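Next comes run00.pdb, with PDB, N, CA and C atoms.
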```
MODEL        1
ATOM      1  N   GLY A   1      -7.001 -10.125  -4.208
ATOM      2  CA  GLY A   1      -5.688  -9.522  -4.532
ATOM      3  C   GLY A   1      -5.829  -8.353  -5.479
ATOM      4  N   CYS A   2      -4.746  -7.619  -5.677
ATOM      5  CA  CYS A   2      -4.764  -6.455  -6.549
ATOM      6  C   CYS A   2      -4.706  -6.879  -8.019
ATOM      7  N   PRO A   3      -5.423  -6.170  -8.907
ATOM      8  CA  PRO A   3      -5.351  -6.404 -10.346
ATOM      9  C   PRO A   3      -4.155  -5.682 -10.971
ATOM     10  N   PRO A   4      -3.475  -6.330 -11.938
ATOM     11  CA  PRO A   4      -2.276  -5.773 -12.579
ATOM     12  C   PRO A   4      -2.523  -4.405 -13.207
ATOM     13  N   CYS A   5      -1.642  -3.458 -12.886
ATOM     14  CA  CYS A   5      -1.706  -2.092 -13.409
ATOM     15  C   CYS A   5      -3.060  -1.438 -13.118
ATOM     16  N   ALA A   6      -3.708  -1.903 -12.063
ATOM     17  CA  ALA A   6      -4.974  -1.335 -11.632
ATOM     18  C   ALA A   6      -4.928  -0.999 -10.149
ATOM     19  N   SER A   7      -4.843  -2.030  -9.309
ATOM     20  CA  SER A   7      -4.724  -1.858  -7.858
ATOM     21  C   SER A   7      -5.789  -0.898  -7.306
ATOM     22  N   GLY A   8      -7.030  -1.072  -7.742
ATOM     23  CA  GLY A   8      -8.115  -0.264  -7.225
ATOM     24  C   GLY A   8      -8.360   0.992  -8.039
ATOM     25  N   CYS A   9      -7.378   1.383  -8.842
ATOM     26  CA  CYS A   9      -7.489   2.577  -9.675
ATOM     27  C   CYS A   9      -8.494   2.376 -10.807
ATOM     28  N   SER A  10      -8.600   3.376 -11.666
ATOM     29  CA  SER A  10      -9.444   3.304 -12.840
ATOM     30  C   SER A  10      -8.586   3.427 -14.100
ATOM     31  N   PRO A  11      -7.906   2.334 -14.484
ATOM     32  CA  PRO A  11      -7.063   2.279 -15.687
ATOM     33  C   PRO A  11      -7.801   2.651 -16.974
ATOM     34  N   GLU A  12      -7.025   2.780 -18.050
ATOM     35  CA  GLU A  12      -7.524   3.095 -19.389
ATOM     36  C   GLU A  12      -7.952   4.556 -19.517
ATOM     37  N   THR A  13      -7.716   5.343 -18.477
ATOM     38  CA  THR A  13      -7.970   6.774 -18.547
ATOM     39  C   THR A  13      -6.738   7.562 -18.097
ATOM     40  N   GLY A  14      -5.584   6.903 -18.120
ATOM     41  CA  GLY A  14      -4.352   7.555 -17.715
ATOM     42  C   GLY A  14      -3.927   7.181 -16.308
ATOM     43  N   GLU A  15      -4.465   6.082 -15.807
ATOM     44  CA  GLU A  15      -4.157   5.618 -14.464
ATOM     45  C   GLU A  15      -3.416   4.292 -14.513
ATOM     46  N   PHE A  16      -2.138   4.336 -14.179
ATOM     47  CA  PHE A  16      -1.292   3.151 -14.214
ATOM     48  C   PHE A  16      -0.723   2.864 -12.830
ATOM     49  N   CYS A  17      -1.457   3.271 -11.803
ATOM     50  CA  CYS A  17      -1.026   3.083 -10.424
ATOM     51  C   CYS A  17      -1.097   1.617 -10.011
ATOM     52  N   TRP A  18      -0.019   0.891 -10.265
ATOM     53  CA  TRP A  18       0.054  -0.515  -9.918
ATOM     54  C   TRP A  18       0.490  -0.678  -8.465
ATOM     55  N   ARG A  19       0.172  -1.829  -7.898
ATOM     56  CA  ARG A  19       0.594  -2.170  -6.551
ATOM     57  C   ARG A  19       1.929  -2.899  -6.608
ATOM     58  N   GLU A  20       2.779  -2.668  -5.625
ATOM     59  CA  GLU A  20       4.054  -3.347  -5.564
ATOM     60  C   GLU A  20       3.895  -4.673  -4.841
ATOM     61  N   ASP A  21       4.937  -5.485  -4.913
ATOM     62  CA  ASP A  21       5.042  -6.725  -4.144
ATOM     63  C   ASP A  21       4.099  -7.809  -4.664
ATOM     64  N   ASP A  22       2.802  -7.655  -4.404
ATOM     65  CA  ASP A  22       1.821  -8.674  -4.778
ATOM     66  C   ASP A  22       1.382  -8.509  -6.224
ATOM     67  N   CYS A  23       1.672  -7.355  -6.792
ATOM     68  CA  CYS A  23       1.287  -7.059  -8.161
ATOM     69  C   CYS A  23       2.511  -6.812  -9.034
ATOM     70  N   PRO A  24       2.459  -7.270 -10.294
ATOM     71  CA  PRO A  24       3.520  -7.025 -11.272
ATOM     72  C   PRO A  24       3.573  -5.555 -11.688
ATOM     73  N   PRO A  25       4.779  -4.965 -11.718
ATOM     74  CA  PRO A  25       4.973  -3.560 -12.100
ATOM     75  C   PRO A  25       4.394  -3.242 -13.475
ATOM     76  N   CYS A  26       3.784  -2.075 -13.597
ATOM     77  CA  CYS A  26       3.198  -1.652 -14.855
ATOM     78  C   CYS A  26       4.135  -0.680 -15.555
TER      79      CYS A  26
ENDMDL
END
```
Rendering of file as structure tokens:
Amino acid sequence: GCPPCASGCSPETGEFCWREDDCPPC
């Protein structure tokens, strides 16, 4: 499943691209 406020992205560098539905909104 997708990780919260990550969804495959590279968080902690200005990336908050979260996934909808299966993932909680960031």
(request) To one decimal in Å, tell me the separation between atom N of residue 17 in chain A and atom N of residue 5 in chain A. (result) 6.8 Å
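Here CA of residue 4 in chain A and CA of residue 23 in chain A stand 5.8 Å from one another.
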(request) Taking the file as shown, find all residues satisfying the PyMOL selection byres (((chain A and resi 6 and name CA) around 8) and name CA) and write them as a ChimeraX atom specification. (result) /A:2-5,7-11,15-19
Restricting it to N, CA and C atoms, dump the selection as an mmCIF file, in the coordinates of the input.
```
data_model
loop_
_atom_site.group_PDB
_atom_site.id
_atom_site.type_symbol
_atom_site.label_atom_id
_atom_site.label_comp_id
_atom_site.auth_asym_id
_atom_site.auth_seq_id
_atom_site.Cartn_x
_atom_site.Cartn_y
_atom_site.Cartn_z
ATOM 1 N N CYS A 2 -4.746 -7.619 -5.677
ATOM 2 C CA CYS A 2 -4.764 -6.455 -6.549
ATOM 3 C C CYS A 2 -4.706 -6.879 -8.019
ATOM 4 N N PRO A 3 -5.423 -6.170 -8.907
ATOM 5 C CA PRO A 3 -5.351 -6.404 -10.346
ATOM 6 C C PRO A 3 -4.155 -5.682 -10.971
ATOM 7 N N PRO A 4 -3.475 -6.330 -11.938
ATOM 8 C CA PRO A 4 -2.276 -5.773 -12.579
ATOM 9 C C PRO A 4 -2.523 -4.405 -13.207
ATOM 10 N N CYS A 5 -1.642 -3.458 -12.886
ATOM 11 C CA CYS A 5 -1.706 -2.092 -13.409
ATOM 12 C C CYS A 5 -3.060 -1.438 -13.118
ATOM 13 N N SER A 7 -4.843 -2.030 -9.309
ATOM 14 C CA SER A 7 -4.724 -1.858 -7.858
ATOM 15 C C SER A 7 -5.789 -0.898 -7.306
ATOM 16 N N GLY A 8 -7.030 -1.072 -7.742
ATOM 17 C CA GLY A 8 -8.115 -0.264 -7.225
ATOM 18 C C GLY A 8 -8.360 0.992 -8.039
ATOM 19 N N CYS A 9 -7.378 1.383 -8.842
ATOM 20 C CA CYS A 9 -7.489 2.577 -9.675
ATOM 21 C C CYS A 9 -8.494 2.376 -10.807
ATOM 22 N N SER A 10 -8.600 3.376 -11.666
ATOM 23 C CA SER A 10 -9.444 3.304 -12.840
ATOM 24 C C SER A 10 -8.586 3.427 -14.100
ATOM 25 N N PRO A 11 -7.906 2.334 -14.484
ATOM 26 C CA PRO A 11 -7.063 2.279 -15.687
ATOM 27 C C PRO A 11 -7.801 2.651 -16.974
ATOM 28 N N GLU A 15 -4.465 6.082 -15.807
ATOM 29 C CA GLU A 15 -4.157 5.618 -14.464
ATOM 30 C C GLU A 15 -3.416 4.292 -14.513
ATOM 31 N N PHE A 16 -2.138 4.336 -14.179
ATOM 32 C CA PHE A 16 -1.292 3.151 -14.214
ATOM 33 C C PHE A 16 -0.723 2.864 -12.830
ATOM 34 N N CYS A 17 -1.457 3.271 -11.803
ATOM 35 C CA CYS A 17 -1.026 3.083 -10.424
ATOM 36 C C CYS A 17 -1.097 1.617 -10.011
ATOM 37 N N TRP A 18 -0.019 0.891 -10.265
ATOM 38 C CA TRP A 18 0.054 -0.515 -9.918
ATOM 39 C C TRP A 18 0.490 -0.678 -8.465
ATOM 40 N N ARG A 19 0.172 -1.829 -7.898
ATOM 41 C CA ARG A 19 0.594 -2.170 -6.551
ATOM 42 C C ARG A 19 1.929 -2.899 -6.608
#
```
Can you tell me, as AutoDock Vina command-line options, the centre and edge lengths (Å, one decimal) of the axis-aligned box enclosing all of range 10-23 of chain A's listed atoms after padding each side by 3 Å?
```
--center_x -2.2 --center_y -0.6 --center_z -11.8 --size_x 20.5 --size_y 22.2 --size_z 21.4
```
Complete the atom set of range 6-23 of chain A to N, CA, C and O atoms and return it as a PDB file, in the coordinates of the input.
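New file out34.pdb:
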```
ATOM      1  N   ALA A   6      -3.708  -1.903 -12.063  1.00  0.00           N
ATOM      2  CA  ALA A   6      -4.974  -1.335 -11.632  1.00  0.00           C
ATOM      3  C   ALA A   6      -4.928  -0.999 -10.149  1.00  0.00           C
ATOM      4  O   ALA A   6      -4.965   0.169  -9.779  1.00  0.00           O
ATOM      5  N   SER A   7      -4.843  -2.030  -9.309  1.00  0.00           N
ATOM      6  CA  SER A   7      -4.724  -1.858  -7.858  1.00  0.00           C
ATOM      7  C   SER A   7      -5.789  -0.898  -7.306  1.00  0.00           C
ATOM      8  O   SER A   7      -5.488  -0.002  -6.515  1.00  0.00           O
ATOM      9  N   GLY A   8      -7.030  -1.072  -7.742  1.00  0.00           N
ATOM     10  CA  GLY A   8      -8.115  -0.264  -7.225  1.00  0.00           C
ATOM     11  C   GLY A   8      -8.360   0.992  -8.039  1.00  0.00           C
ATOM     12  O   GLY A   8      -9.429   1.593  -7.944  1.00  0.00           O
ATOM     13  N   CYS A   9      -7.378   1.383  -8.842  1.00  0.00           N
ATOM     14  CA  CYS A   9      -7.489   2.577  -9.675  1.00  0.00           C
ATOM     15  C   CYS A   9      -8.494   2.376 -10.807  1.00  0.00           C
ATOM     16  O   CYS A   9      -9.155   1.338 -10.899  1.00  0.00           O
ATOM     17  N   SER A  10      -8.600   3.376 -11.666  1.00  0.00           N
ATOM     18  CA  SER A  10      -9.444   3.304 -12.840  1.00  0.00           C
ATOM     19  C   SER A  10      -8.586   3.427 -14.100  1.00  0.00           C
ATOM     20  O   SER A  10      -8.498   4.493 -14.698  1.00  0.00           O
ATOM     21  N   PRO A  11      -7.906   2.334 -14.484  1.00  0.00           N
ATOM     22  CA  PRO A  11      -7.063   2.279 -15.687  1.00  0.00           C
ATOM     23  C   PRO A  11      -7.801   2.651 -16.974  1.00  0.00           C
ATOM     24  O   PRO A  11      -9.023   2.823 -16.983  1.00  0.00           O
ATOM     25  N   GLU A  12      -7.025   2.780 -18.050  1.00  0.00           N
ATOM     26  CA  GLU A  12      -7.524   3.095 -19.389  1.00  0.00           C
ATOM     27  C   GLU A  12      -7.952   4.556 -19.517  1.00  0.00           C
ATOM     28  O   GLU A  12      -8.494   4.963 -20.544  1.00  0.00           O
ATOM     29  N   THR A  13      -7.716   5.343 -18.477  1.00  0.00           N
ATOM     30  CA  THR A  13      -7.970   6.774 -18.547  1.00  0.00           C
ATOM     31  C   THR A  13      -6.738   7.562 -18.097  1.00  0.00           C
ATOM     32  O   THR A  13      -6.828   8.739 -17.751  1.00  0.00           O
ATOM     33  N   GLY A  14      -5.584   6.903 -18.120  1.00  0.00           N
ATOM     34  CA  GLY A  14      -4.352   7.555 -17.715  1.00  0.00           C
ATOM     35  C   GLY A  14      -3.927   7.181 -16.308  1.00  0.00           C
ATOM     36  O   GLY A  14      -3.112   7.870 -15.692  1.00  0.00           O
ATOM     37  N   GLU A  15      -4.465   6.082 -15.807  1.00  0.00           N
ATOM     38  CA  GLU A  15      -4.157   5.618 -14.464  1.00  0.00           C
ATOM     39  C   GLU A  15      -3.416   4.292 -14.513  1.00  0.00           C
ATOM     40  O   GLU A  15      -3.991   3.256 -14.846  1.00  0.00           O
ATOM     41  N   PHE A  16      -2.138   4.336 -14.179  1.00  0.00           N
ATOM     42  CA  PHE A  16      -1.292   3.151 -14.214  1.00  0.00           C
ATOM     43  C   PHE A  16      -0.723   2.864 -12.830  1.00  0.00           C
ATOM     44  O   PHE A  16       0.354   2.288 -12.696  1.00  0.00           O
ATOM     45  N   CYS A  17      -1.457   3.271 -11.803  1.00  0.00           N
ATOM     46  CA  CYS A  17      -1.026   3.083 -10.424  1.00  0.00           C
ATOM     47  C   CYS A  17      -1.097   1.617 -10.011  1.00  0.00           C
ATOM     48  O   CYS A  17      -2.103   1.155  -9.473  1.00  0.00           O
ATOM     49  N   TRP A  18      -0.019   0.891 -10.265  1.00  0.00           N
ATOM     50  CA  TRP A  18       0.054  -0.515  -9.918  1.00  0.00           C
ATOM     51  C   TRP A  18       0.490  -0.678  -8.465  1.00  0.00           C
ATOM     52  O   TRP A  18       1.091   0.224  -7.877  1.00  0.00           O
ATOM     53  N   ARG A  19       0.172  -1.829  -7.898  1.00  0.00           N
ATOM     54  CA  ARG A  19       0.594  -2.170  -6.551  1.00  0.00           C
ATOM     55  C   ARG A  19       1.929  -2.899  -6.608  1.00  0.00           C
ATOM     56  O   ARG A  19       2.186  -3.654  -7.543  1.00  0.00           O
ATOM     57  N   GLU A  20       2.779  -2.668  -5.625  1.00  0.00           N
ATOM     58  CA  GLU A  20       4.054  -3.347  -5.564  1.00  0.00           C
ATOM     59  C   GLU A  20       3.895  -4.673  -4.841  1.00  0.00           C
ATOM     60  O   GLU A  20       2.844  -4.944  -4.251  1.00  0.00           O
ATOM     61  N   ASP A  21       4.937  -5.485  -4.913  1.00  0.00           N
ATOM     62  CA  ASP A  21       5.042  -6.725  -4.144  1.00  0.00           C
ATOM     63  C   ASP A  21       4.099  -7.809  -4.664  1.00  0.00           C
ATOM     64  O   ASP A  21       4.540  -8.764  -5.304  1.00  0.00           O
ATOM     65  N   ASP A  22       2.802  -7.655  -4.404  1.00  0.00           N
ATOM     66  CA  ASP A  22       1.821  -8.674  -4.778  1.00  0.00           C
ATOM     67  C   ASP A  22       1.382  -8.509  -6.224  1.00  0.00           C
ATOM     68  O   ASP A  22       0.808  -9.420  -6.818  1.00  0.00           O
ATOM     69  N   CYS A  23       1.672  -7.355  -6.792  1.00  0.00           N
ATOM     70  CA  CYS A  23       1.287  -7.059  -8.161  1.00  0.00           C
ATOM     71  C   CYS A  23       2.511  -6.812  -9.034  1.00  0.00           C
ATOM     72  O   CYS A  23       3.505  -6.241  -8.581  1.00  0.00           O
TER      73      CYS A  23
END
```
